[PDB]
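Raw contents of query-v6.pdb, PDB, C-alpha atoms (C1' of nucleotides):
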```
ATOM      1  CA  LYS A  10     -14.432   2.787   7.437
ATOM      2  CA  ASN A  11     -11.623   5.147   8.869
ATOM      3  CA  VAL A  12     -10.756   8.295   6.911
ATOM      4  CA  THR A  13      -7.222   8.493   8.244
ATOM      5  CA  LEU A  14      -4.687   6.010   7.073
ATOM      6  CA  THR A  15      -1.020   5.415   7.621
ATOM      7  CA  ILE A  16       1.114   3.930   4.929
ATOM      8  CA  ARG A  17       4.834   3.250   5.312
ATOM      9  CA  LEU A  18       7.242   3.512   2.281
ATOM     10  CA  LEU A  19      10.522   1.686   2.542
ATOM     11  CA  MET A  20      13.331   3.842   1.066
ATOM     12  CA  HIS A  21      17.123   3.967   0.219
ATOM     13  CA  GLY A  22      19.130   6.819   1.732
ATOM     14  CA  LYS A  23      20.025   8.643  -1.528
ATOM     15  CA  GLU A  24      16.335   8.636  -2.345
ATOM     16  CA  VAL A  25      15.522  10.074   1.062
ATOM     17  CA  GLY A  26      18.173  12.679   0.354
ATOM     18  CA  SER A  27      16.162  14.390  -2.355
ATOM     19  CA  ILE A  28      12.820  14.000  -0.660
ATOM     20  CA  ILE A  29      14.005  16.121   2.298
ATOM     21  CA  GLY A  30      15.873  18.744   0.091
ATOM     22  CA  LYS A  31      18.530  21.348   1.008
ATOM     23  CA  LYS A  32      17.706  22.385   4.523
ATOM     24  CA  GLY A  33      14.569  20.193   4.340
ATOM     25  CA  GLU A  34      12.770  22.630   2.072
ATOM     26  CA  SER A  35      11.204  19.859  -0.091
ATOM     27  CA  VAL A  36       9.588  17.813   2.592
ATOM     28  CA  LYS A  37       8.574  21.147   4.202
ATOM     29  CA  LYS A  38       6.701  22.191   1.045
ATOM     30  CA  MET A  39       5.408  18.572   0.893
ATOM     31  CA  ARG A  40       4.021  18.978   4.466
ATOM     32  CA  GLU A  41       2.335  22.274   3.627
ATOM     33  CA  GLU A  42       0.764  21.315   0.320
ATOM     34  CA  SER A  43      -0.334  17.855   0.917
ATOM     35  CA  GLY A  44      -1.712  18.317   4.420
ATOM     36  CA  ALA A  45      -0.409  14.863   5.294
ATOM     37  CA  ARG A  46       1.682  14.121   8.223
ATOM     38  CA  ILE A  47       4.998  13.036   6.816
ATOM     39  CA  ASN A  48       7.652  11.480   9.045
ATOM     40  CA  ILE A  49      11.154  10.386   7.998
ATOM     41  CA  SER A  50      13.064   7.881  10.066
ATOM     42  CA  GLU A  51      16.171   9.546  11.293
ATOM     43  CA  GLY A  52      19.862   8.425  11.196
ATOM     44  CA  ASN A  53      21.771   8.145   7.874
ATOM     45  CA  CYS A  54      21.103   4.593   7.836
ATOM     46  CA  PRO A  55      21.030   3.486   4.177
ATOM     47  CA  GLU A  56      17.531   1.721   4.344
ATOM     48  CA  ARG A  57      14.971   4.298   5.745
ATOM     49  CA  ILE A  58      11.145   4.488   6.440
ATOM     50  CA  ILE A  59       8.726   7.244   5.342
ATOM     51  CA  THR A  60       5.491   7.485   7.169
ATOM     52  CA  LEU A  61       2.577   9.235   5.368
ATOM     53  CA  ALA A  62      -0.613   9.529   7.567
ATOM     54  CA  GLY A  63      -3.732  11.621   7.158
ATOM     55  CA  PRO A  64      -6.951  11.809   5.110
ATOM     56  CA  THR A  65      -6.831   9.521   2.106
ATOM     57  CA  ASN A  66      -6.358  12.480  -0.167
ATOM     58  CA  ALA A  67      -3.545  14.062   1.796
ATOM     59  CA  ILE A  68      -1.834  10.622   1.636
ATOM     60  CA  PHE A  69      -2.248  10.518  -2.111
ATOM     61  CA  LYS A  70      -0.799  14.080  -2.720
ATOM     62  CA  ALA A  71       2.200  13.444  -0.589
ATOM     63  CA  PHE A  72       2.726  10.214  -2.555
ATOM     64  CA  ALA A  73       2.344  11.986  -5.926
ATOM     65  CA  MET A  74       4.903  14.559  -4.825
ATOM     66  CA  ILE A  75       7.329  11.850  -3.549
ATOM     67  CA  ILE A  76       7.061  10.042  -6.943
ATOM     68  CA  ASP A  77       7.391  13.316  -8.646
ATOM     69  CA  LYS A  78      10.763  13.789  -6.921
ATOM     70  CA  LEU A  79      12.232  10.352  -7.424
ATOM     71  CA  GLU A  80      11.575  10.830 -11.132
ATOM     72  CA  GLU A  81      12.827  14.584 -11.083
TER      73      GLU A  81
ATOM     74  CA  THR B  13      10.173   2.635 -14.854
ATOM     75  CA  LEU B  14       9.864   3.062 -11.012
ATOM     76  CA  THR B  15      10.037   0.813  -7.931
ATOM     77  CA  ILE B  16       8.364   1.728  -4.733
ATOM     78  CA  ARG B  17       8.274  -0.533  -1.713
ATOM     79  CA  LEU B  18       5.441  -0.306   0.910
ATOM     80  CA  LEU B  19       5.973  -1.613   4.348
ATOM     81  CA  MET B  20       2.860  -3.387   5.667
ATOM     82  CA  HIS B  21       1.366  -5.108   8.671
ATOM     83  CA  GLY B  22       0.229  -8.717   7.884
ATOM     84  CA  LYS B  23      -3.441  -8.221   8.668
ATOM     85  CA  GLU B  24      -3.396  -5.400   6.023
ATOM     86  CA  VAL B  25      -1.747  -7.713   3.497
ATOM     87  CA  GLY B  26      -4.691 -10.095   3.985
ATOM     88  CA  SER B  27      -7.296  -7.799   2.430
ATOM     89  CA  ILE B  28      -4.809  -6.760  -0.300
ATOM     90  CA  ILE B  29      -4.664 -10.305  -1.737
ATOM     91  CA  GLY B  30      -8.280 -11.255  -1.070
ATOM     92  CA  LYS B  31     -10.073 -14.570  -1.001
ATOM     93  CA  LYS B  32      -7.863 -16.703  -3.304
ATOM     94  CA  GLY B  33      -5.903 -13.611  -4.357
ATOM     95  CA  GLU B  34      -8.866 -12.302  -6.328
ATOM     96  CA  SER B  35      -8.295  -8.772  -5.271
ATOM     97  CA  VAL B  36      -4.490  -8.593  -5.965
ATOM     98  CA  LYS B  37      -5.197 -10.352  -9.353
ATOM     99  CA  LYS B  38      -7.558  -7.427 -10.129
ATOM    100  CA  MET B  39      -4.853  -4.983  -9.221
ATOM    101  CA  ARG B  40      -2.219  -6.689 -11.386
ATOM    102  CA  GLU B  41      -4.581  -6.753 -14.336
ATOM    103  CA  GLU B  42      -5.925  -3.265 -13.930
ATOM    104  CA  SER B  43      -2.919  -1.220 -12.944
ATOM    105  CA  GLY B  44      -0.482  -2.979 -15.305
ATOM    106  CA  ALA B  45       2.068  -2.556 -12.526
ATOM    107  CA  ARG B  46       4.109  -5.355 -11.254
ATOM    108  CA  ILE B  47       3.062  -6.149  -7.834
ATOM    109  CA  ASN B  48       4.986  -8.511  -5.623
ATOM    110  CA  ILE B  49       4.094  -9.357  -2.000
ATOM    111  CA  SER B  50       6.870 -10.762   0.112
ATOM    112  CA  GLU B  51       6.608 -14.234   1.306
ATOM    113  CA  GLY B  52       5.574 -15.730   4.665
ATOM    114  CA  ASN B  53       2.945 -15.476   7.334
ATOM    115  CA  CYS B  54       5.321 -12.933   8.527
ATOM    116  CA  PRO B  55       3.640 -10.187  10.477
ATOM    117  CA  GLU B  56       5.645  -7.336   8.774
ATOM    118  CA  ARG B  57       5.549  -7.574   4.913
ATOM    119  CA  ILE B  58       6.953  -5.671   1.900
ATOM    120  CA  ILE B  59       4.909  -4.816  -1.240
ATOM    121  CA  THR B  60       6.841  -3.942  -4.356
ATOM    122  CA  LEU B  61       5.120  -1.835  -7.104
ATOM    123  CA  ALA B  62       7.179  -1.568 -10.290
ATOM    124  CA  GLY B  63       6.155  -0.010 -13.558
ATOM    125  CA  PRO B  64       5.530   3.313 -15.341
ATOM    126  CA  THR B  65       4.315   6.255 -13.206
ATOM    127  CA  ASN B  66       0.645   5.577 -13.891
ATOM    128  CA  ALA B  67       0.647   1.970 -13.126
ATOM    129  CA  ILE B  68       2.264   2.800  -9.886
ATOM    130  CA  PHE B  69      -0.474   5.305  -9.174
ATOM    131  CA  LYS B  70      -3.272   3.031 -10.097
ATOM    132  CA  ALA B  71      -1.866   0.244  -7.887
ATOM    133  CA  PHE B  72      -1.258   2.630  -5.070
ATOM    134  CA  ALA B  73      -4.859   4.136  -5.296
ATOM    135  CA  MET B  74      -6.236   0.636  -5.310
ATOM    136  CA  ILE B  75      -4.163  -0.333  -2.320
ATOM    137  CA  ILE B  76      -5.328   2.856  -0.554
ATOM    138  CA  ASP B  77      -9.034   1.928  -1.177
ATOM    139  CA  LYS B  78      -8.472  -1.480   0.409
ATOM    140  CA  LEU B  79      -6.984  -0.173   3.599
ATOM    141  CA  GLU B  80      -9.833   2.341   3.803
ATOM    142  CA  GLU B  81     -12.466  -0.497   3.665
TER     143      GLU B  81
ATOM    144  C1'   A C   1     -24.573 -22.327  -4.521
ATOM    145  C1'   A C   2     -25.976 -23.005  -0.282
ATOM    146  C1'   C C   3     -30.911 -22.046   5.168
ATOM    147  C1'   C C   4     -24.179 -19.143   3.630
ATOM    148  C1'   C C   5     -22.844 -15.222   7.593
ATOM    149  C1'   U C   6     -18.297 -13.437   9.391
ATOM    150  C1'   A C   7     -13.291 -13.116   9.749
ATOM    151  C1'   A C   8      -9.698 -13.585   7.711
ATOM    152  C1'   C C   9      -8.548 -13.089   2.913
ATOM    153  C1'   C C  10      -1.884 -15.874   0.959
ATOM    154  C1'   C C  11      -1.486 -14.315  -4.338
ATOM    155  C1'   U C  12       2.895 -14.261  -7.729
TER     156        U C  12
END
```
Turn this file's structure into structure tokens for me.
Amino acid sequence: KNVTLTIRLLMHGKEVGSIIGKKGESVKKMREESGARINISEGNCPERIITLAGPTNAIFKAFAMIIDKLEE
Amino acid sequence: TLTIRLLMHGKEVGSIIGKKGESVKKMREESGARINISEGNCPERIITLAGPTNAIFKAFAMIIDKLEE
RNA sequence: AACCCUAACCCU
């Protein structure tokens, strides 16, 4: 019954663009406020992977915030 | 309307569908999201959630509970 | 349902 999970989102490169933010200030604020480990596959490859990992709830905040940005 | 794709190991997809797809039928009915699970007995599989923000959230929550189990 | 459990669960 693990309390840490890892979910991988599969994402287009323009989408990843806004998740990171100018100088990476979005995903930085997403790291601080969610408490989830967030990792973004490097290389401006157009089809990229986002790895959220952490306590269920940290996962879920980082996800809310990622959705909240794609709809922004 | 939103589309998120989740990238998932095949042993995880197993519990997401459930015995006879009972569990993923529950999710489709309760979240009101569209859920599609890529085809195959392919070890690395893509789950598409499509729908208004809340459907997405409900499906995602429900998918998170299954991996936690 | 059943002496009916686990492990794998395959839907649209």
Distance of CA of residue 16 (chain A) from CA of residue 57 (chain B), expressed in Å to one decimal place:
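Computed distance, CA of residue 57 (chain B) to CA of residue 16 (chain A), equals 12.3 Å.
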Open item on the list: Residue by residue, what does the PyMOL selection byres ((chain B and resi 37-46) around 12) grab here? Present the result as JSON, numbers by chain.
Closed with: {"B": [13, 14, 15, 16, 17, 28, 29, 30, 31, 32, 33, 34, 35, 36, 47, 48, 49, 59, 60, 61, 62, 63, 64, 65, 66, 67, 68, 69, 70, 71, 72, 73, 74, 75, 76, 77, 78], "C": [11, 12]}
Can you spell out as an mmCIF file with C-alpha atoms, in the frame of the given file the set of residues that the PyMOL selection byres ((chain B) within 7 of (chain A)) selects in the structure I just provided?
```cif
data_model
loop_
_atom_site.group_PDB
_atom_site.id
_atom_site.type_symbol
_atom_site.label_atom_id
_atom_site.label_comp_id
_atom_site.auth_asym_id
_atom_site.auth_seq_id
_atom_site.Cartn_x
_atom_site.Cartn_y
_atom_site.Cartn_z
ATOM 1 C CA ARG B 17 8.274 -0.533 -1.713
ATOM 2 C CA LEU B 18 5.441 -0.306 0.910
ATOM 3 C CA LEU B 19 5.973 -1.613 4.348
ATOM 4 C CA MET B 20 2.860 -3.387 5.667
ATOM 5 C CA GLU B 80 -9.833 2.341 3.803
ATOM 6 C CA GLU B 81 -12.466 -0.497 3.665
#
```
- Task: Work out how far CA of residue 79 (chain B) is from CA of residue 29 (chain A), in Å to one decimal.
- Result: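 That distance, rounded to one decimal, is 26.6 Å.
With only C-alpha atoms as the atoms that count, the minimum distance from residue 36 (chain A) to the choices A:81, A:74, A:51, A:23 is reached by A:74.
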* Please evaluate the PyMOL selection byres ((chain C and resi 7) around 12) against the structure above and give the resulting residues as a list in words. =>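 When the PyMOL selection byres ((chain C and resi 7) around 12) is applied to the shown file, the picked residues are residues 23, 26, 27 and 31 of chain B; 5, 6, 8 and 9 of chain C.
Going from CA of residue 47 (chain A) over to CA of residue 71 (chain A), you cover 7.9 Å.
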Box dimensions and centre (Å, one decimal) enclosing region 7-12 of chain C, axis-aligned, 5 Å extra per side, as lines of an AutoDock Vina configuration file:
```
center_x = -5.2
center_y = -14.5
center_z = 1.0
size_x = 26.2
size_y = 12.8
size_z = 27.5
```
